[PDB]
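K.L.:
The structure is given below, and queries will be raised subsequently.
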Amino acid sequence: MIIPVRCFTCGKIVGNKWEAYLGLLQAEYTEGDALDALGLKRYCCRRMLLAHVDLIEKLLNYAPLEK
Amino acid sequence: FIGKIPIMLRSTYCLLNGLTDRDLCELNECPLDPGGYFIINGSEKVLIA
Amino acid sequence: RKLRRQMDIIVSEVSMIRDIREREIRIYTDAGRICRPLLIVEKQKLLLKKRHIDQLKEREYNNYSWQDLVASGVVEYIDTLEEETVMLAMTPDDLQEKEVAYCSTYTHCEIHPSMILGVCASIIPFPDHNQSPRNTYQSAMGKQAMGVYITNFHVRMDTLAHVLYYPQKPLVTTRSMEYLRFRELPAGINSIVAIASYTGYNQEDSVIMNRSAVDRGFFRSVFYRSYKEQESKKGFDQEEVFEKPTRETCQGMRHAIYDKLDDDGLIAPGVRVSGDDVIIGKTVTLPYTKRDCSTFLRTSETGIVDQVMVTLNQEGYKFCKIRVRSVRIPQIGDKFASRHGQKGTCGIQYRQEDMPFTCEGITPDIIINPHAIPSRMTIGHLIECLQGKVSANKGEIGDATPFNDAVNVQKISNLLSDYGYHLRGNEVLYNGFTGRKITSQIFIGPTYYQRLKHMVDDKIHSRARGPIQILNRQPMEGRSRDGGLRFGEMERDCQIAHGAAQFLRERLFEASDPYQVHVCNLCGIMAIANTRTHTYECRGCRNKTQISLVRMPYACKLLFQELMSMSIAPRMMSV
Amino acid sequence: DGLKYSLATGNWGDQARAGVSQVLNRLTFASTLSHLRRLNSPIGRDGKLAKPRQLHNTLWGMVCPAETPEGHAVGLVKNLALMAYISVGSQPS
Amino acid sequence: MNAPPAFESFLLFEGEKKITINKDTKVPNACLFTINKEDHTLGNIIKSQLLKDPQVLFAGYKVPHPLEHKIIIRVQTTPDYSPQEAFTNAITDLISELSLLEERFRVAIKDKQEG
Amino acid sequence: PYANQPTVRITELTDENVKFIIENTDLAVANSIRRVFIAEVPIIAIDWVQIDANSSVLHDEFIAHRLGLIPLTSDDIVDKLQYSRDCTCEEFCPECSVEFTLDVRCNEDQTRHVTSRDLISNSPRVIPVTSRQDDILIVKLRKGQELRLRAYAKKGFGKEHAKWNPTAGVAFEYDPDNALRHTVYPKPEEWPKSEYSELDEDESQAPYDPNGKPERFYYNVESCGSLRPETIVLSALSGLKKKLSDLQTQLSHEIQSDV
Amino acid sequence: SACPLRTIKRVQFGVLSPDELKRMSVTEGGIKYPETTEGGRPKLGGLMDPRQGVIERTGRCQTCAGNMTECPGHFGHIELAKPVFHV
Amino acid sequence: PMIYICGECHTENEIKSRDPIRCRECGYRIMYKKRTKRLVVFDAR
Amino acid sequence: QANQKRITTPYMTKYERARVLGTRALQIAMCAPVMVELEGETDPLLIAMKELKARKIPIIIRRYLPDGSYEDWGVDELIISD
Amino acid sequence: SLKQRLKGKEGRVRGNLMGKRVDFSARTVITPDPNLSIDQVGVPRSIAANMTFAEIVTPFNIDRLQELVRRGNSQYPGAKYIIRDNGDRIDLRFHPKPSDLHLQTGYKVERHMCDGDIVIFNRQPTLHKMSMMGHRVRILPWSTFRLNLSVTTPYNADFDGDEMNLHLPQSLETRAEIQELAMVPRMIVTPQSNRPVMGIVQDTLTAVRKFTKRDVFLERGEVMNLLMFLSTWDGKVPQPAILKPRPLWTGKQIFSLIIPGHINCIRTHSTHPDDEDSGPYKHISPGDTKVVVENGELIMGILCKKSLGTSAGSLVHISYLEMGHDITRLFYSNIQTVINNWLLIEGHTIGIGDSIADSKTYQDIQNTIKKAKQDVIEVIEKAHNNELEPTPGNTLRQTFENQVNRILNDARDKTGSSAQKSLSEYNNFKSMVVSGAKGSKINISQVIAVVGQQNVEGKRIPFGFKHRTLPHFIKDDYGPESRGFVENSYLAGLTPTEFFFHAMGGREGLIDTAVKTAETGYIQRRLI
Amino acid sequence: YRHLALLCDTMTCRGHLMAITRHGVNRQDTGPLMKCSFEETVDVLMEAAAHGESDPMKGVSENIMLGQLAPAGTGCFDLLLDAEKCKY
RNA sequence: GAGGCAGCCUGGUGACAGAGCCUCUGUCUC
Ligand SMILES: [Mg+2]
Ligand SMILES: [Zn+2]
Ligand SMILES: [Zn+2]
Ligand SMILES: [Zn+2]
Ligand SMILES: [Zn+2]
């Protein structure tokens with residue numbers, strides 16, 4: 001659904017890097033440079049953003065029960 | 001009137017046919033759900049070839 | 001052939017077969033033939049030219065599509081017995097001029113050889129590097145992996161659904177996984193897997209998991225249980241109603257809790273429910289003044305009511321569904337899989353302190369035994385951990401499509417070297433308990449794992465004089481009924497060979513269906529016995545004075561009465 | 001009710017061959033996609049003849065070689081190759 | 001359902017002794033220490049510190065099972081030196097090392113902040 | 001027969017990490033030190049949640065799970081809070097908990113990101129690390145969706161739950177050129193040299209030292225933010241000293257009963 | 001119970017004599033009615049005869065204090081108007 | 001009475017014992033049970 | 001048969017050992033007298049094994065021959081393998 | 001009908017008399033625990049609280065049973081019922097008044113299953129009497145059953161989600177049978193073949209082989225770690241094999257403390273060469289490939305499956321014969337707990353490094369295949385020229401097919417032995433093939449060298465198309481590529497045709513598994 | 001070999017090829033209760049009824065069905081209280 | 001689309017769905 005707060009392996013916060021990561025990709029960075037610019041050095045953290053799927057962008061198409 | 005035929009979802013006779021992704025989300029349908037099955041008494045049913 | 005390629009008179013789905021030795025030409029317009037598209041080859045050249053790819057690139061806004069490729073006469077549908085008559089190149093490499101000529105008269109070309117695989121076999125990386133039984137085991141295990149199953153899962157009141165908190169797309173992906181929409185709806189997580197013999201809890205096919213990853217939500221999921229219920233009017237003067245029951249009106253009232261119900265006789269969502277809590281109060285009028293039909297939350301669960309919805313069914317009676325959710329934090333005994341038939345239960349969980357760590361401080365998420373690899377020869381599992389370590393460092397998702405001559409384990413090793421890792425993926429680990437280096441350098445990499453539908457708290461069961469069947473008076477059947485386990489024929493066969501005759505009469509009698517009958521001494525048929533009058537009789541003999549008591553299984557008394565109903569006289573003689 | 005009953009039960013006749021019309025599997029999206037592409041041979045599961053269960057050469061490119069169930073169903077229940085198309089028929093006129 | 005509460009890894013229940021001392025009858029001047037609610041963190045440093053004492057003939061630790069949180073430490077010493085004294089000494093030596101290491105880290109901090 | 005006398009160098013120091021070297025200590029002590037960095041340094045993290053409304057696409061314990069993982073600034077008051085086991089009050093009080101609040105409704109026509117910036121606290125000492133560096137996304141709300149909840153943070157350590165582990169990583173290394181042969185390379189020429197390697201390009205290992213033991217331990221303690229990275233290390237040394245002096249007291253009481 | 005406990009040392013098979021069926025049966029006039037119930041309660045000589053066993057989960061039977069569990073059930077008979085082959 | 005929310009127009013309407021379920025203002029036939037008001041406490045774990 | 005011309009072996013079989021201990025344990029639980037000086041034991045099945053190894057269990061084993069005859073052997077008369 | 005109630009399976013006799021559902025039984029998934037004795041089982045604390053044993057009240061135990069009554073069913077240590085002399089049972093689940101907590105001699109208290117209760121433990125299909133053995137209960141956290149890994153060998157169990165049935169005996173008289181007849185230690189040796197049914201296996205066996213090399217030297221602190229796990233140890237540290245310049249013990253020297261009593265045994269290690277017993281060094285074995293145990297002490301030789309496996313006359317067989325069950329229980333338990341704790345120092349792994357060979361070896365493999373394929377072309381040229389003549393009693397086609405099968409069986413085994421000779425002594429496939437813990441020399445050949453010929457019903461892949469194997473080949477092509485010779489390793493990866501032919505061969509194994517699993521109880525029933 | 005032998009003995013001790021088929025068993029001298037547990041449960045008992053056959057209750061399946069100690073292993077002997085040795 | 005037995009029977013457990021007024025079907029697990 002939504003980006004994990006922590007990297008599962010080591011406890012590094014990545015829940016504040018997802019919107020920045022997409023912004024860096026909008027700036028035509030590679031995923032490599034974008035992960036570097038965010039300070040994701042360990043591959044255990046790089047796999048958190050590189051492999052996340054933001055399905056919450058699909059759950060928010062459906063209108064809520066209460067308007 | 002002679003009877004009812006159960007209709008295969010997203011077939012050309014379905015109400016979901018030809019809708020775009022924006023429309024299906026209004027119906028609370030999934031745009032990625034493939035259809036190709038029937039609903040009988042609320043159960044989804046597949047005709048295995 | 002010309003007319004079918006032009007689509008003029010002959011629909012492209014018509015198949016046409018000359019059988020040159022038989023001097024038969026056959027044509028089939030019949031339905032239900034299976035066929036597949038193949039590229040046409042003429043004079044040792046593909047008819048597909050570079051211009052077709054350019055037009056197909058513009059498909060985002062240009063009208064050109066697959067239809068125009070078929071209509072151009074560039075691809076052909078060919079069926080299972082026109083294939084008897086074609087020569088297929090496997091790739092346009094086969095068309096090249098070669099020093100030794102195998103065939104010079106190809107007629108068609110395979111599009112991509114990997115399109116022989118199906119759905120669940122195309123989520124497998126490097127399947128050309130696996131023993132084929134293991135590709136089959138995944139194609140069955142893939143269907144059991146949790147993920148997100150459909151996007152509109154919040155409105156659906158499906159009786160069972162499992163949705164994973166944090167599914168990821170694989171770091172290592174077959175190109176066909178695009179068309180499966182596995183990126184959009186993934187069913188697994190990339191996990192740091194150490195192939196190491198650690199404390200031994202990953203022996204056989206068990207697996208060790210990082211407890212600190214599990215605390216951070218690794219493979220955490222929620223389980224949705226949906227209960228339907230239906231009101232009715234029956235005949236002229238019986239009704240069911242949803243209502244709050246009460247012990248001054250309803251016969252069947254339990255000592256359990258009804259105060260979670262509202263005045264409509266339903267719970268409301270957000271309430272915390274446990275086994276034997278009433279989730280719907282339902283009553284039926286009794287000719288006490290009502291019987292109780294209330295539904296109970298299915299035992300051994302604990303959860304919270306996620307949704308309650310109320311409607312009219314096909315007949316216009318009040319009709320209701322309740323959905324309950326509970327979260328399933330993975331335990332030992334939960335079953336996991338690797339996309340390569342490496343199924344296995346979690347054997348123990350070690351906190352981040354105790355897991356073996358690299359110089360960088362990386363612990364693994366999962367440790368699997370190396371003994372799972374040599375006999376099974378899942379070499380595709382090893383190459384994924386290598387390609388995934390290159391991909392997580394390069395910041396890429398790695399092309400694991402089968403039959404891809406452009407990729408090699410040597411080439412992946414070279415690329416891994418450039419990031420400052422040993423080219424074969426080994427890494428020096430340190431023991432978490434003592435800090436000493438481990439003498440072997442463990443193979444570590446990121447590998448896509450799956451959590452399967454099978455969980456121990458679904459399966460844990462015990463029996464101790466629970467409910468009893470009506471006819472046999474033996475224990476009920478199955479976990480859902482609090483049923484007893486079947487001590488079968490082969491079990492008694494062993495207890496005979498063990499000579500455990502007293503256990504065998506315990507387990508197979510006094511711990512199942514103990515009973516007593518009185519029996520006439522003069523004929524072996526059951527006597528009437530008024531235990532509280534102290535009087536006994538054999539109608540049949542007028543014996544009133546010499547009658548035995550006989551312990552026997554209830555299913556054995558039942559047999560003898562069921563034999564007597566066929567007029568057989570199984571006379572039990574005590575003497 | 002005649003069309004509805006066999007779709008509701010799977011019994012393909014007037015109350016027959018069972019096991020048409022399974023419930024659509026909704027465990028995971030790959031399950032659903034596989035279920036809608038499954039094929040079944042009606043041969044009885046109790047016989048021990050292997051020949052109908054073997055992977056024939058003509059399944060190449062038509063039916064998935066890797067995917068088949070465990071147990072007594074082995075090799076009879078099958079699944080389509082991703083580009084396999086089943087004809088729908090025309091009149092020969 | 002059967003999950004052990006996580007605080008039960010380090011909180012004693014009412015009437016658990018933190019330590020228990022039993023003489024090992026197999027061999028002389030040997031003793032067995034049972035440490036409740038501790039793990040490899042506290043076992044391995046006390047073993048290592050005991051192994052430095054030249055009057056300690058045997059020191060070792062195990063956790064009997066990973067799912068229940070206790071250590072057993074076995075200590076054997078020369079005669080005229082009890083394993084109770086060897087164990088109490090090893091603790092005071094570790095307290096001295098850790099306070100001395102702490103003071104030197106505080107200094108190195110200031111030297112790195114203010115320079 | 002007595003204590004080692006260890007020495008320290010600090011080679012890097014930031015808000016994010018420390019690199020330091022300890023020399024002349026046991027591998028056993030060097031390891032138990034990195035163990036305490038992970039799991040027995042206490043911090044404050046959210047442990048109790050009551051949700052008063054939730055209309056988002058995440059269920060109530062999905063949001064409460066994420067609240068637990070948000071790193072709270074702990075540096076100053078963790079030493080002053082009791083553990084909730086110790087305080088004599090019924091339920092909570094300011095002696096043992098920090099009260100949090102979060103009310104958000106999406107009335108605007110476009111997706112409101114709910115974040116750690118929206119968590120609001122009874123005191124200034126305790127704010128989310130990203131406010132003390134973009135904020136951690138709690139949930140995304142659609143128009144008309146809502147989330148309001150009350151929470152409490154409590155003192156604990158990473159043995160209880162990984163939310164109380166203060167470190168984003170702990171490097172640990174010794175003998176960076178393999179002089180002790182505590183690992184054995186089947187082809188030593190194929191291994192990248194450590195950061196701390198002291199070899200030329202062509203020599204692949206230090207020659208064997210039969211006399212040696214582990215003597216020089218290289219650390220890199222990275223904080224998640226709840227503690228400054230050097231105050232993690234000082235809390236570990238003070239805590240591990242406290243653990244041993246708890247033993248020594250209870251051991252002395254038992255000797256005064258064996259005897 | 002008053003009776004002596006015994007093991008079963010032999011089983012003798014055979015056929016029930018039709019006179020022994022008459023002697024054994026508690027349905028002293030045979031079954032006569034297809035119906036189960038009189039005025040809702042069970043019909044004697046019908047297919048729920050209260051001498052033929054305990055009917056209800058807390059009831060009794062007319063022939064012995066049957067306690068539902070303790071009563072083995074008792075045999076009845078239908079007198080066939082004409083002999084018929086046993087298949 | 002209870003208050004249920006229409007599945008089609010998201011409005012509340014009050015509804016009551018033996019009253020058929022239909023939605024005023026749009027005629028739709030599926031209702032949702034609102035959400036509870038008593039407190040439930042979560043560990044943030 | 002008398003205590004003479006016994007043809008069965010003097011060893012107590014594992015099956016006899018199993019049932020003798022099971023029976024005597026049940027007797028001790030039913031507050032039978034104990035034929036040995038117990039030493040802090042309280043489990044009747046451990047007391048039974050102590051009485052067996054002492055040869056003190058007051059039981060006679062009746063061994064049926066397939067001709068229908070039988071031999072009586074006191075438990076003290078039988079050799080124990082274990 | 002009445003007959004249909006009786007007809008057979010699920011009918012009264014077979015379905016409810018020759019086998020039936022039973023009270024006091026439990027089922028759950030099994031998981032490993034190397035910290036258990038072979039005679040122990042780890043039981044979920046919920047299961048132990050749900051299942052009770054009726055214990056008779058006596059002056060020896062009434063003081064204890066009063067407490068378990070006074071705790072009652074909400075505690076785990078407690079009881080579910082009291083049974084009076086009348087058989088009237090007080091249910092303790094719902095708080096009874098003090099009149100109903102009274103206890104007197106001859107009452108039965110349904111106390112909960114405790115540590116040290118005896119249970120039968122079973123896995124279906126129950127193919128032999130070793131598939132039901134007595135275990136002693138240890139209560140553990142979590143919901144799975146735990147069994148020691150040696151005990152997985154009798155049951156044919158593995159931890160990929162298998163489930164097992166616990167049966168709790170309900171009287172002292174049948175408690176004693178299981179103890180005296182059926183306990184795991186009494187089951188170590190099977191009458192089927194007088195072999196032992198339990199061996200050492202998996203990690204412990206690969207570590208046993210590695211631990212017992214001459215190279216394995218242990219320092220004082222490591223030895224004092226391993227000796228902490230010996231339950232049998234006497235407390236005397238042995239004098240080290242090397243005293244100067246540094247005290248070092250050897251793996252053999254600590255294993256000699258695991259071996260019980262004064263066992264005398266001789267074996268060979270799996271790599272022992274043929275010459276070594278005939279030339280010089282009949283003793284003082286160069287490779288340490290000859291095992292000799294004397295007086296309970298391992299003097300020389302590498303231990304492996306030939307020595308601690310389930311075969312006859314193994315070191316663990318002779319332990320049972322010379323020492324009995326009570327001591328051989330401890331032998332299995334000690335081998336695992338010390339040598340699994342040593343593997344915390346060695347570790348073990350397999351990776352991509354172990355499945356790769358030198359560029360020398362790959363050229364030897366490729367040149368072998370290139371000749372073999374050209375030889376098959378020569379045999380075809382003979383057949384097509386009508387120069388081939390039949391073998392006696394055989395068809396010409398049978399002659400041709402045997403000759404082609406000859407050439408390609410040579411190639412598979414020539415490349416396979418080339419690959420195995422190419423393996424460095426560090427290789428981790430070799431470390432399992434040589435210990436015998438898993439895998440085999442053909443697996444190494446397939447992973448490293450050549451997967452080989454794929455067979456359908458014992459023949460080269462059939463012409464399922466008209467005179468050809470697939471649409472890709474021309475007709476009448478009998479060559480190795482055409483008919484299913486997979487000339488690539490799993491590391492090299494299969495070509496598309498090879499991948500399909502390898503699925504055709506793999507399917508036959510899946511069919512035969514289903515057929516043979518469809519029969520497991522059939523013959524055994526008729527025989528019994 | 002002592003298991004291979006015991007099968008070959010049992011298959012031949014009655015003087016003919018005792019095939020272990022339904023009628024190959026149902027020509028044994030075994031009682032009606034044991035025969036009904038194999039292959040033809042009711043038909044076996046019809047012929048037992050029509051011919052007035054008897055079962056001596058001396059097989060294992062026989063005593064199992066009636067819930068009595070089987071004539072096997074721990075059951076194949078009997079125990080008597082040594083009321084004289086109870087003196088000591 | 002296969003046996004075998006005198007129309008029926010095709011090896012042990014297991015867990016869930018669907019259909020019907022407990023019985024039947026299908027899928028799945030070792
Ligand atoms: Mg298994
Ligand atoms: Zn990380
Ligand atoms: Zn009579
Ligand atoms: Zn009666
Ligand atoms: Zn509405």
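For the structure tokens, the naming scheme is as follows: chains receive sequential letters (A, B, ...) according to their order of presentation, residues are indexed from 1 within each chain, and ligands are indexed from 1 in presentation order.
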Could you list, as a short mmCIF file (atom, residue, chain, number, x, y, z; two decimals) with N, CA, C and O atoms, in the first residue's frame, all the residues within 10 Å of ligand 3, counting only C-alpha atoms (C1' of nucleotides) and all ligand atoms?

P.N.:
```cif
data_model
loop_
_atom_site.label_atom_id
_atom_site.label_comp_id
_atom_site.auth_asym_id
_atom_site.auth_seq_id
_atom_site.Cartn_x
_atom_site.Cartn_y
_atom_site.Cartn_z
N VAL C 519 -26.87 -59.00 28.60
CA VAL C 519 -27.06 -60.08 27.64
C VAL C 519 -27.61 -61.32 28.34
O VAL C 519 -27.19 -61.67 29.44
N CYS C 520 -28.58 -61.97 27.69
CA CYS C 520 -29.14 -63.22 28.18
C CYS C 520 -28.08 -64.32 28.13
O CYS C 520 -27.34 -64.44 27.15
N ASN C 521 -27.99 -65.11 29.20
CA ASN C 521 -27.00 -66.18 29.22
C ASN C 521 -27.40 -67.33 28.30
O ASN C 521 -26.53 -68.00 27.74
N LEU C 522 -28.70 -67.55 28.12
CA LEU C 522 -29.20 -68.71 27.40
C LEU C 522 -29.24 -68.48 25.89
O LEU C 522 -29.12 -69.44 25.12
N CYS C 523 -29.39 -67.23 25.46
CA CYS C 523 -29.14 -66.84 24.08
C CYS C 523 -28.49 -65.47 24.04
O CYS C 523 -28.78 -64.60 24.86
N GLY C 524 -27.60 -65.29 23.07
CA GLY C 524 -26.69 -64.16 23.12
C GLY C 524 -27.29 -62.86 22.65
O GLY C 524 -26.64 -62.11 21.92
N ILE C 525 -28.53 -62.57 23.04
CA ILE C 525 -29.21 -61.37 22.59
C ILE C 525 -29.49 -60.47 23.79
O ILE C 525 -29.74 -60.94 24.90
N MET C 526 -29.45 -59.16 23.54
CA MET C 526 -29.44 -58.17 24.61
C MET C 526 -30.71 -58.23 25.45
O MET C 526 -31.82 -58.31 24.91
N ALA C 527 -30.54 -58.20 26.76
CA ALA C 527 -31.65 -58.25 27.71
C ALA C 527 -32.18 -56.85 28.00
O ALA C 527 -31.46 -55.86 27.91
N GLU C 537 -34.91 -59.02 32.02
CA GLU C 537 -35.76 -59.98 31.31
C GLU C 537 -35.18 -60.26 29.94
O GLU C 537 -34.66 -59.36 29.27
N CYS C 538 -35.27 -61.52 29.52
CA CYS C 538 -35.08 -61.91 28.12
C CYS C 538 -36.44 -62.29 27.55
O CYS C 538 -36.87 -63.44 27.64
N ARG C 539 -37.13 -61.31 26.98
CA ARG C 539 -38.24 -61.61 26.08
C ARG C 539 -37.70 -62.36 24.87
O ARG C 539 -36.78 -61.89 24.19
N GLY C 540 -38.27 -63.53 24.59
CA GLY C 540 -37.61 -64.50 23.73
C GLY C 540 -37.39 -65.81 24.46
O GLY C 540 -37.47 -66.88 23.86
N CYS C 541 -37.10 -65.72 25.76
CA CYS C 541 -36.83 -66.90 26.58
C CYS C 541 -37.60 -66.89 27.89
O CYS C 541 -37.65 -67.94 28.55
N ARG C 542 -38.18 -65.76 28.30
CA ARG C 542 -38.77 -65.57 29.62
C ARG C 542 -37.75 -65.71 30.75
O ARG C 542 -38.12 -65.87 31.91
N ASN C 543 -36.46 -65.67 30.42
CA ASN C 543 -35.43 -65.61 31.44
C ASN C 543 -35.51 -64.28 32.17
O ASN C 543 -35.55 -63.22 31.54
N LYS C 544 -35.55 -64.33 33.50
CA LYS C 544 -35.62 -63.14 34.33
C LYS C 544 -34.55 -63.09 35.42
O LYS C 544 -34.61 -62.21 36.28
N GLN C 546 -30.86 -64.83 35.13
CA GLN C 546 -29.45 -65.10 34.83
C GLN C 546 -29.02 -64.32 33.59
O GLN C 546 -29.03 -64.82 32.47
N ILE C 547 -28.63 -63.06 33.80
CA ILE C 547 -28.28 -62.15 32.73
C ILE C 547 -26.93 -61.51 33.05
O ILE C 547 -26.71 -61.06 34.18
N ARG C 571 -25.50 -64.02 18.27
CA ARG C 571 -25.63 -64.36 19.68
C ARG C 571 -24.27 -64.32 20.36
O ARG C 571 -23.41 -65.16 20.08
N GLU G 20 -39.33 -66.18 17.36
CA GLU G 20 -38.46 -65.45 18.29
C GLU G 20 -38.56 -63.95 18.10
O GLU G 20 -38.55 -63.19 19.08
N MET G 24 -39.48 -61.65 20.92
CA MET G 24 -38.53 -60.61 21.31
C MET G 24 -39.16 -59.22 21.26
O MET G 24 -38.98 -58.41 22.17
#
```

K.L.:
Would you list the residues that come within 7 Å of ligand 2? Count only C-alpha atoms (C1' of nucleotides) and all ligand atoms and give the answer as a list in words.

P.N.:
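Those residues are residues 7, 8, 9, 10, 11, 12, 42, 44 and 45 of chain A.
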
K.L.:
Could the residues of chain C that have an atom at most 10 Å from ligand 1 be listed as JSON lines, each with its closest atom pair and the distance in Å to one decimal, counting only C-alpha atoms and all ligand atoms and ordered by chain and ascending residue number?

P.N.:
```
{"residue": "C:204", "atom": "CA", "partner": "ligand 1", "partner_atom_place_in_ligand_line": "1 (Mg)", "distance": 9.4}
{"residue": "C:205", "atom": "CA", "partner": "ligand 1", "partner_atom_place_in_ligand_line": "1 (Mg)", "distance": 8.6}
{"residue": "C:343", "atom": "CA", "partner": "ligand 1", "partner_atom_place_in_ligand_line": "1 (Mg)", "distance": 9.9}
{"residue": "C:344", "atom": "CA", "partner": "ligand 1", "partner_atom_place_in_ligand_line": "1 (Mg)", "distance": 9.3}
```

K.L.:
Please identify all protein, DNA and RNA residues within 8 Å of ligand 4, counting only C-alpha atoms (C1' of nucleotides) and all ligand atoms, and report them as number ranges by chain.

P.N.:
C: 528-529; G: 51-54, 60-66, 70-74

K.L.:
Find the spatial neighbours of region 190-201 of chain F, counting only C-alpha atoms (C1' of nucleotides), within a cut-off of 7 Å - ignore same-chain residues fewer than 4 positions away - and output them as number ranges by chain.

P.N.:
C: 420-422; F: 176-177

K.L.:
Please save N, CA and C atoms of the selected residues as a PDB file, in the first residue's frame.

P.N.:
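Saved to again.pdb:
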```pdb
ATOM      1  N   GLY C 420      32.132  -3.479  -5.099  1.00  0.00           N
ATOM      2  CA  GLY C 420      32.920  -3.814  -3.930  1.00  0.00           C
ATOM      3  C   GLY C 420      32.425  -5.016  -3.168  1.00  0.00           C
ATOM      4  N   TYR C 421      31.842  -5.983  -3.864  1.00  0.00           N
ATOM      5  CA  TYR C 421      31.448  -7.260  -3.298  1.00  0.00           C
ATOM      6  C   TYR C 421      32.212  -8.372  -3.997  1.00  0.00           C
ATOM      7  N   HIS C 422      32.433  -9.466  -3.275  1.00  0.00           N
ATOM      8  CA  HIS C 422      33.019 -10.646  -3.890  1.00  0.00           C
ATOM      9  C   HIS C 422      32.149 -11.112  -5.050  1.00  0.00           C
TER      10      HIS C 422
ATOM     11  N   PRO F 176      41.008  -6.353  10.011  1.00  0.00           N
ATOM     12  CA  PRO F 176      40.492  -6.118   8.655  1.00  0.00           C
ATOM     13  C   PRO F 176      41.349  -6.741   7.569  1.00  0.00           C
ATOM     14  N   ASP F 177      42.642  -6.924   7.811  1.00  0.00           N
ATOM     15  CA  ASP F 177      43.452  -7.858   7.039  1.00  0.00           C
ATOM     16  C   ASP F 177      43.668  -9.113   7.869  1.00  0.00           C
TER      17      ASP F 177
END
```
